[PDB]
């Protein structure tokens, strides 16, 4: 895979899709998921509802409403199970698996598990980069740090 690192609002990403740090109930509540719902519109939650609960570690795909991107890949990092580097690794792999299957060429990922999940940026960046590097070169993953120091931490892990 190809990798870019930026600092900013993931909802403004211009590409094929963005990954949402989701709970397995696919409920857009706390975190940026709330901003995603806000800017994307209720259609995102509606599609999530139609899908129903999934298992922590898995991912689900829906449209992105009014977001510049086409899809929102919901990576379930916590909920019925606590966030951990293990759930982060699994959710990342699942999100990537969905991206490849849709033949996407540009997808943005946040540091899964570091928001509501409360996991450390350095450890999460490491785990996610290991999984991302296994993806095909046809896919370019943009990692978003919500603070400049987070983006800098991701770059140090490259």
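Positions refer to the first chain, counted from 1.
Participant: Select between 136 to 144 and 14 to 22 the stretch whose C-alpha atoms have the higher average B-factor in the entry.
Facilitator: The entry gives the higher C-alpha B-factor average to 14 to 22.
Participant: Once you work out the mean C-alpha B-factor for both 26 to 34 and 127 to 135 from the entry, which is higher?
Facilitator: Mean C-alpha B-factor is greater for 26 to 34.
Participant: For the C-alpha B-factor as written in the entry, point me to the maximum among 111, 108, 48, 104.
Facilitator: In this record, 104 carries the highest C-alpha B-factor of the candidates.
Participant: Based on the deposited C-alpha B factors for this chain, I'd like to know if residue 90 is in the lowest, middle or highest third.
Facilitator: It belongs to the middle third of the chain when residues are ordered by C-alpha B-factor.
Participant: Quick check on the deposited entry: does the C-alpha B-factor of residue 44 sit in the lowest, middle or highest third of its chain?
Facilitator: Ranked within chain, residue 44 CA B lands in the highest tercile.
Participant: For residue 99, does the deposited CA B-factor place it in the lowest, middle or highest third of the chain?
Facilitator: Answer is highest: the recorded C-alpha B-factor places it there.
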